[PDB]
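*Asks:* Residue numbers (the authors' numbering), protein chains in the order written: chain B, 4 to 479; chain A, 4 to 479; chain D, 4 to 479; chain C, 4 to 479. One structure, pasted below without further comment.
There are 4 protein chains.
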Amino acid sequence: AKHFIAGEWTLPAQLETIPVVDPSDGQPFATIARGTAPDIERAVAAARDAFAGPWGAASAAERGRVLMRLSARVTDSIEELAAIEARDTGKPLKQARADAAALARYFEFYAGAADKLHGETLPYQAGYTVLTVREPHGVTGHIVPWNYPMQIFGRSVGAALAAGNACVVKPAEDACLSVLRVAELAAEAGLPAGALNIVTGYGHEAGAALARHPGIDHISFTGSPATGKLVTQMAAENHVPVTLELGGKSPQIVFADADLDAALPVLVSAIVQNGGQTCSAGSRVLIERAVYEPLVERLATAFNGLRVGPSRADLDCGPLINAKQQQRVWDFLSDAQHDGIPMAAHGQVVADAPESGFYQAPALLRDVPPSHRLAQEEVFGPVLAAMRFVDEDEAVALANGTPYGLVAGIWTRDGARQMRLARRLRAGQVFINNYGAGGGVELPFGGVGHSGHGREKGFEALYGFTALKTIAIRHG
Amino acid sequence: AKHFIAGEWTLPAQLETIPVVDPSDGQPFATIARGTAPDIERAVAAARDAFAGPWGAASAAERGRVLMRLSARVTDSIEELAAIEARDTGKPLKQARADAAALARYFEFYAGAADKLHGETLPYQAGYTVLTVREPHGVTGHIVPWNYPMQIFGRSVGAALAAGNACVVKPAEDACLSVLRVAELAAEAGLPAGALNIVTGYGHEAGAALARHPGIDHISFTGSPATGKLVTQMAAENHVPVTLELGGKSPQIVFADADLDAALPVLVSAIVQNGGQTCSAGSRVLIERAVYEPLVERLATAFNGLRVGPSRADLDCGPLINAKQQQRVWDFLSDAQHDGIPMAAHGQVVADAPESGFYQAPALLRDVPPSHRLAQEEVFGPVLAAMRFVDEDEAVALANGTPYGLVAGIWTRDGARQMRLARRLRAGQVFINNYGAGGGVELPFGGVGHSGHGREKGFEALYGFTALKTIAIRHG
Amino acid sequence: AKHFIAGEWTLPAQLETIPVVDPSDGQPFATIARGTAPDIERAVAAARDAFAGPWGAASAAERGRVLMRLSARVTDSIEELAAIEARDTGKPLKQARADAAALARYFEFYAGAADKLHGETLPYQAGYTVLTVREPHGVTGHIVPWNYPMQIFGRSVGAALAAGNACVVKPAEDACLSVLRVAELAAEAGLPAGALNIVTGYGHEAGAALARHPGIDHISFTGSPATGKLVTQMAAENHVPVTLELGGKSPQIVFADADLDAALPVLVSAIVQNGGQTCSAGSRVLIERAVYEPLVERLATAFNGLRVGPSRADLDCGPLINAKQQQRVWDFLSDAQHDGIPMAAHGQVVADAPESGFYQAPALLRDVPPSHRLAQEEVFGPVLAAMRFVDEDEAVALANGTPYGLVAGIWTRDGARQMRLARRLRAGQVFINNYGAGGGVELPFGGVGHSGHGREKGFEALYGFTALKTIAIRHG
Amino acid sequence: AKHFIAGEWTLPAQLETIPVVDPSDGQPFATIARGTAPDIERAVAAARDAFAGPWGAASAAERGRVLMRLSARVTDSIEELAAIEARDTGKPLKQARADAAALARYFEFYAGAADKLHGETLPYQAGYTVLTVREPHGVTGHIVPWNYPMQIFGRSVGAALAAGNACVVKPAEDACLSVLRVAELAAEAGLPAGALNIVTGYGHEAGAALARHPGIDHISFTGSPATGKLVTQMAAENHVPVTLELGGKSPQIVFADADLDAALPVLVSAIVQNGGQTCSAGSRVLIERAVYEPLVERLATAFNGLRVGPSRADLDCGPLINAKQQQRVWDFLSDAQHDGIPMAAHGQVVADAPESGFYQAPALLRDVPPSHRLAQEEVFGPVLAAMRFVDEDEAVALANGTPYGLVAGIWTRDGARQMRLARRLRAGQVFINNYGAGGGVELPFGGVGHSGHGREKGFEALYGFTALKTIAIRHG
Ligand SMILES: [Ca+2]
Ligand SMILES: [Ca+2]
Ligand SMILES: [Ca+2]
Ligand SMILES: [Ca+2]
Ligand SMILES: [Ca+2]
Ligand SMILES: [Mg+2]
Ligand SMILES: [Mg+2]
Ligand SMILES: [Mg+2]
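Laid out in structure tokens, this is it:
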């Protein structure tokens with residue numbers, strides 16, 4: 004149980020550890036270092052040295068080659084990383100393999116982006132030459148959650164490194180073993196010691212210490228709105244900018260002229276993937292009245308066949324990350340049952356699934372009231388809420404009727420309607436007749452309102468990890 | 004003494020006023036509405052309706068013409084606005100006129116930028132078309148300080164309007180009469196009611212109510228770091244992004260091979276302008292040892308010739324904004340004198356200048372210790388701190404040695420040295436053989452560290468006043 | 004009867020003028036100077052002095068203000084300019100007014116684009132700073148045709164002026180009076196003498212002398228493919244780049260699910276406007292078999308009700324530009340008739356329309372073979388060729404089955420189909436459920452294949468009128 | 004002796020060949036295929052199939068992976084490629100190796116630019132969404148000369164492939180063996196058959212057939228101005244755009260305050276590299292009068308120390324490409340000597356150098372008249388023309404005084420003068436206190452005047468190998 008600081012695995016200052024639990028059987032199988040304020044201090048110091056040293060001395064093209072080599076390392080180590088991630092997060096091996104493949108894709112994409120991050124030359128007064136350069140913030144802080152340790156890591160650190168920053172990472176205490184191994188791969192790729200630091204530990208300890216640290220120049224946060232609020236307010240003490248990738252209540256909007264055959268599998272996977280433990284999960288399906296009942300029936304058909312089991316069983320769902328989250332999903336379903344919200348359909352936990360595991364079957368509820376907590380708050384489970392609308396105006400009103408605004412899905416044949424809704428919908432991403440089929444590495448991702456602010460993924464991410472400097476030359 | 008809400012002049016909800024004081028004589032000559040939370044509520048309400056209605060229905064090109072007409076109105080009203088601004092802020096008529104001209108330039112520039120704010124189409128999978136659109140936040144909140152009411156209004160509101168946002172403005176209680184008149188010009192120019200809303204009042208009342216309001220989508224702040232911290236933390240409750248344009252300790256770096264004849268007047272005006280009450284004021288001059296004593300003597304002679312009087316007198320410098328700021332400057336100078344920091348030279352207030360006025364002659368101090376409070380903290384007065392350096396390395400160390408990082412000036416003939424230093428210096432702007440060519444409307448402005456974060460002015464500002472939406476179309 | 008050179012109206016070197024004919028009655032009412040090689044020499048030399056002098060010294064922002072003022076003068080002179088254009092070209096007064104308004108819009112758009120034409124800073128080796136500047140070619144040559152003298156002038160020259168070039172224009176001998184007046188307006192607007200030079204005359208004289216002149220740095224050509232070929236080959240002697248805006252055979256693609264009510268008036272206007280004398284005129288309509296006969300019937304009814312008469316009569320259509328072009332249209336129709344191609348319907352020429360005028364009623368032909376001359380060659384008359392297709396594949400095959408690739412229209416409600424075809428169609432512009440909008444000033448316009456190459460209109464045009472200079476600084 | 008068409012090596016149509024000559028000894032050692040029109044026809048048809056099929060179906064990201072793999076293959080085969088290039092061109096093995104590394108760098112650079120070539124979304128009218136897509140031309144033609152077969156193949160084909168085109172290449176009959184080998188490595192890299200086609204042969208046979216072919220959509224030419232003129236006029240028949248990378252007379256401007264110690268080896272290498280057979284070779288040095296004589300003598304010593312021998316000997320310079328070019332350089336030297344132009348110094352050809360080789364010692368001539376042919380015409384040999392200037396004005400006048408305008412070098416310590424001159428110089432690239440740097444892959448390259456037009460290298464090149472399509476959607 005050691006942190007990764009200055010290119011070496013180092014013991015926690017206060018020498019305490021945190022258990023690593025396999026959510027498939029709920030049993031500990033490893034430990035991580037319990038990071039504290041002195042651990043963060045050592046990490047920032049190392050990151051500062053690397054940025055002001057070798058890594059910062061590297062050209063963008065040189066940073067790109069390191070990132071490209073790292074991408075190859077991840078690709079060669081897909082099965083190894085997929086095993087670690089699946090055992091640690093609980094997701095089926097098929098999804099953990101996809102996450103590893105996506106991780107290598109992040110590094111590959113940004114590897115080519117490094118030397119193509121351009122500034123500008125601006126028209127100005129006579130005898131003047133104005134140019135702008137996009138420089139790294141310096142030391143970037145990264146808070147990575149448990150639902151996608153590798154994907155969000157490659158998303159955040161991959162862009163920050165490409166921008167020329169040195170990084171300090173505080174991954175989630177419920178899943179972070181994959182991140183540690185990736186750090187080893189980065190060292191093998193030729194990444195200078197200190198350019199990437201990992202401090203494991205609790206959010207209120209290691210995470211809070213990072214957000215309060217004056218040695219950080221920029222913070223990339225992914226997690227709950229409550230914690231995002233705290234991190235922002237903590238970082239404000241040092242006037243440090245924070246990107247917020249928070250939760251969401253993303254709607255699927257289905258009209259009567261939609262191809263329900265091609266829409267059905269996507270609607271299911273959008274809420275079943277990673278057990279619904281995804282910020283951009285399609286947790287709401289809004290159906291035009293004409294096809295409300297027919298689509299619910301198809302959704303009911305699919306959900307009834309879904310099965311939940313151990314990660315290694317590679318079924319539709321694995322277990323949830325822990326008991327606390329399992330109880331949270333239970334509370335949503337229990338409340339809904341009390342309020343007379345009909346459960347249209349639900350999956351099943353396999354009989355041989357470990358009792359000590361935290362398993363929850365996918366659930367499809369219908370006739371959900373728009374104002375009801377189930378349709379307003381993020382469940383972070385495989386629970387889909389279905390309700391009807393009468394026209395485009397109500398579709399828009401319902402879709403934007405929650406405090407969240409992350410992603411939205413539009414399913415209709417009419418092209419004019421497609422682009423028209425996409426403009427009215429409040430979301431960082433709008434998908435038309437799909438829902439993030441590809442990895443979405445190239446697609447800038449982020450929310451509005453209580454889904455946070457800022458954009459990561461895509462080329463756009465590099466702008467958030469750099470700060471513009473304007474140079475004005477008077478030469479006559 | 005009224006607010007400007009929904010295109011009409013409205014009495015404050017609680018019917019109380021705040022005295023408007025001419026700092027040239029320290030006497031009240033007008034009153035403003037003491038804005039409170041209900042006033043902010045109505046302002047945001049009006050902005051939201053305007054954004055969802057007429058103003059939001061307007062195309063980019065249509066918004067541009069509105070700003071262009073406003074630009075012409077301001078240009079025609081330069082003398083009128085300059086008289087109001089100078090009387091309220093205390094700055095000389097020459098500077099007050101320049102501010103109004105800059106205000107017109109902001110609106111002129113952004114008028115042409117409105118329909119040229121482009122999104123992107125991104126390479127993606129086969130059968131896919133990916134496009135991005137840069138949409139306004141919606142309702143933008145604007146905190147405007149007293150030192151440059153018109154100029155900062157122009158860069159903030161001008162960019163926000165061009166981006167398609169509806170604006171709620173809380174200008175400074177110490178000076179905001181010019182902004183109120185600008186709002187009328189906007190109405191004349193054809194800006195729909197509600198698109199621009201002005202709520203006067205105290206920062207801890209009206210200003211706080213803005214920062215707390217959940218109906219605002221983005222905040223543009225310009226002021227003290229302490230206040231900027233609070234505003235950020237207040238807005239974090241609603242996950243509202245805040246741009247921070249804070250203070251600075253901007254250095255002038257002079258080498259032995261520099262053109263002292265050309266540098267000398269710029270070194271002076273950079274700290275004399277607006278009585279040194281400027282975020283990016285050149286409050287530090289770093290001189291190479293070889294020319295340290297000669298340049299100090301020339302700076303001393305120049306400072307002795309500076310005259311301070313009433314704003315109508317239109318001299319080198321006017322009074323400070325109030326007694327609280329005057330006392331703050333006194334405390335800096337008294338502490339420096341007690342610690343044995345020699346005052347090389349100072350200007351003199353003219354005899355007939357009102358005793359009740361808040362006059363402070365520009366002061367030149369030498370041999371200032373880098374770690375001393377005079378060289379570390381922002382004075383916001385006409386005080387220049389002078390010290391020497393041996394080489395480029397120490398110049399960089401001294402320049403980046405404060406918590407601030409907003410603007411830096413480089414004076415040297417060596418071309419290689421110019422660019423080499425510009426890369427090393429920590430600042431949003433670096434000026435080579437000049438210092439703010441004026442008005443720097445096209446030049447993106449912003450700080451690092453305790454100088455804040457984010458960028459305003461120039462085309463780049465539009466990216467801060469919009470949010471990227473990605474649309475992924477699966478069409479085959 | 005004089006050229007516009009160096010800010011003054013100067014007599015030609017041959018003094019033998021060219022008649023200006025009103026196509027409404029075929030009678031001359033004015034004269035233009037017959038420019039030859041010596042007239043071109045003085046114009047290029049004048050523009051060279053302007054680019055090296057006052058005009059080249061102006062900032063990008065200063066150039067914008069000139070263009071904005073010119074926009075205002077055109078707007079103030081819409082009636083006068085439209086009167087001239089209508090009398091000279093023959094187009095109905097309503098279309099002449101639109102041309103003038105579009106001219107003012109071009110100047111307005113590029114007035115705001117001037118100081119926003121950014122270059123880049125490129126990531127490079129350590130100790131280096133690489134910046135790119137987009138500098139004007141110098142002296143640009145402009146060949147402007149007779150069908151849209153004002154709009155194409157504003158398109159071509161308005162962009163070249165914003166880019167910072169000085170212009171030498173050779174407008175069409177069949178219609179150029181309006182351009183001469185605009186040149187006066189430009190002078191009144193504050194455009195330096197020599198920045199804009201107009202040399203009237205025959206294409207094989209003044210036009211040929213312009214394309215051959217070594218003093219020109221860039222040629223903007225709009226006209227026939229045969230002449231564009233010759234101009235390119237002539238300019239090849241001086242290695243001068245030429246943008247070729249040539250004709251087309253732009254198809255309108257209508258599917259069975261399209262809105263025929265919304266499509267029908269656009270289908271008609273797209274070929275009737277300016278008497279079909281438009282490069283991007285919708286000269287083909289491709290209809291799905293299911294709605295082939297019903298649409299042709301409605302098109303036939305629409306065409307039978309069309310009225311042609313003198314320009315001042317302001318009917319659906321005016322006369323053609325001259326006898327040669329009238330005969331050209333006659334040849335096409337006569338050729339089609341003899342090949343058994345049916346004429347579904349035709350318009351009406353008013354009985355009191357002057358016999359000496361060049362009138363041609365709009366003609367609708369059906370069942371046109373795809374390989375036939377009528378469906379392959381540009382008519383430049385109000386002639387629409389109708390045919391059917393069975394599926395998207397044939398629709399694409401037919402649409403891309405001519406040497407031309409300029410504009411294409413897609414009429415259908417199927418969203419996926421809209422985007423599918425748009426990517427497959429070989430054209431510079433693809434319109435979905437409209438045709439040409441909407442002015443199209445902001446829309447980059449150009450062709451592929453025999454429709455020419457390069458792009459004008461929109462912001463993109465500035466790249467065609469500038470050349471990239473890369474400055475690589477080694478500073479260590 | 005075969006072409007590379009449709010992924011396999013096929014025999015010539017007429018089965019005739021061309022001798023491959025080693026310029027070191029002027030002896031034949033291999034043969035290339037004598038390509039004619041039918042060979043070109045099969046090459047274009049193959050490229051069309053690849054573009055309409057597999058290669059065109061590849062996503063931008065997929066194209067990049069092939070390019071990166073090819074980049075790795077070139078790096079793996081540097082020694083083999085360097086040996087082939089040196090023996091075929093005559094350049095020293097050291098330079099041929101650098102050419103190989105440059106080739107790998109081109110593929111690496113464009114591999115990452117592939118999925119990052121963005122289009123735009125443009126602000127337009129209400130109810131509209133406008134997007135722009137940058138599409139490949141389709142089939143691109145590439146004329147590659149003999150001086151830098153690998154490097155020019157890299158910048159031209161690498162960009163075209165990254166842009167999504169299929170390529171038909173006609174390399175120089177004097178040196179094209181390395182290009183053939185690279186084609187194999189492309190196939191090994193996974194590049195689909197037909198995506199890259201190589202047709203060897205004489206320019207008046209294979210080259211002319213390529214330039215005239217209507218199946219080509221875009222021509223990338225690098226060679227003599229005379230041939231560049233023909234190609235343009237040949238392709239003008241099909242309205243095919245041609246990028247002209249032609250020769251130059253690039254000056255080095257040295258002032259009295261310049262670092263002569265750092266400048267001296269660069270001044271020499273810039274003209275000595277590849278025996279002066281470089282379009283952007285520094286064939287002129289302009290020296291301020293104060294340091295004219297000291298620098299001439301300085302350059303004289305350096306030139307006198309130069310050694311010329313066989314390529315394998317790996318000295319300062321190899322032989323010229325053939326007898327024709329050798330005679331050309333001899334004619335230049337004869338005229339200069341006959342006109343009394345003094346030769347300050349010259350290199351040394353080893354006395355035992357192969358008599359049947361085409362060797363030429365580098366020559367430094369002084370007091371060269373600006374109007375003399377040696378100072379106006381491109382020699383394409385290791386000849387440097389030295390002259391003096393009084394001030395910056397004369398320096399600019401002399402630098403821009405030739406019909407060429409490709410690259411320019413500025414040597415001075417004064418920063419203002421650096422940027423001031425950089426704006427005044429007519430060139431595609433301006434280097435400050437360096438010249439060409441290293442590789443210059445990221446630096447957009449191109450000329451003005453008789454240096455041609457269009458830009459290649461850098462990210463900018465992608466715009467030259469794509470065409471802009473605009474899609475205007477009316478959706479309400
Ligand atoms: Ca775990
Ligand atoms: Ca006041
Ligand atoms: Ca006429
Ligand atoms: Ca016939
Ligand atoms: Ca050879
Ligand atoms: Mg928010
Ligand atoms: Mg900060
Ligand atoms: Mg063709």
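No residue lacks a Cβ here, since even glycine has one placed at the ideal position from N, Cα and C.
If residue 278/D sits next to residue 27/D, beta carbons under 8 Å apart, how far is it from one beta carbon to the other, in whole angstroms?
*Replies:* About 12 Å separates the two Cβ atoms, so there is no contact after all.
*Asks:* In three-state terms, what does DSSP make of residue 242/C?
*Replies:* Reduced to three states, the DSSP call for residue 242/C is coil.
*Asks:* Using a Cβ distance threshold of 8 Å, determine whether the region 212-227 of chain B contacts the region 188-201 of chain B, with at least three qualifying pairs required.
*Replies:* No: fewer than three Cβ pairs fall under 8 Å.
*Asks:* Answer yes or no: the CB of residue 376/D versus the heavy atoms of ligand 4, is any distance below 7 Å?
*Replies:* Yes, ligand 4 has a heavy atom inside 7 Å of this Cβ.
*Asks:* Since residue 115/C sits in a beta bridge, which residues does DSSP pair it with?
*Replies:* Answer is none; residue 115/C lacks a bridge partner.
*Asks:* Rounded to the nearest angstrom, what separates residue 288/B and residue 256/B at their Cα positions?
*Replies:* When rounded, the distance between both Cα atoms is 6 Å.
*Asks:* Identify each residue in the region 283-310 of chain C for which the Cβ-Cβ distance to at least one residue of chain B is less than 7 Å, and report them in chain order.
*Replies:* Answer in chain order: no residues at all.
*Asks:* In the region 246-275 of chain C, which residues sit with their C-beta less than 9 Å from some C-beta in chain B, listed in chain order?
*Replies:* Per Cβ criterion, the list is empty.
*Asks:* For residue 177/D, verify whether its CB is less than 7 Å away from any heavy atom of ligand 3.
*Replies:* Yes, ligand 3 has a heavy atom inside 7 Å of this Cβ.
*Asks:* At a Cβ cut of 9 Å, what residues of the region 85-99 of chain C count as close to chain B, listed as they run along the chain?
*Replies:* For the region 85-99 of chain C, which is checked against every Cβ of chain B, not one residue is closer than 9 Å.
*Asks:* Name, going along the chain, the residues of the region 407-441 of chain D whose beta-carbon falls closer than 9 Å to a beta-carbon of chain B.
*Replies:* Per Cβ criterion, the list reads 415, 416, 417, 418, 419, 420, 421, 422, 435, 436.
*Asks:* Could you pull out every residue in the same chain whose Cβ sits closer than 8 Å to the Cβ of residue 34/A, ignoring the five residues on either side in sequence?
*Replies:* Same-chain partners within the cutoff: 4, 20, 21, 22, 23.
*Asks:* Please classify residue 381/A: is it buried, with 16 or more other beta-carbons within 10 angstroms of its beta-carbon, or exposed?
*Replies:* So residue 381/A ends up on the buried side.
*Asks:* Tell me whether the beta-carbon of residue 102/A lies closer than 8 Å to the beta-carbon of residue 325/A.
*Replies:* No, the Cβ-Cβ distance between residue 102/A and residue 325/A is not below 8 Å.
*Asks:* Classify residue 342/C as buried or exposed, calling it buried when 16 or more other Cβ atoms lie within 10 Å of its own Cβ.
*Replies:* Result: exposed.
*Asks:* May I ask you to report which of helix, strand or coil DSSP gives residue 247/B?
*Replies:* Of the three classes helix, strand and coil, the one that applies to residue 247/B here is strand, per DSSP.
*Asks:* Classify residue 168/C as helix, strand or coil using the three-state DSSP reduction.
*Replies:* In the structure shown, residue 168/C sits in coil (DSSP, three-state: anything other than H, G, I, E or B).
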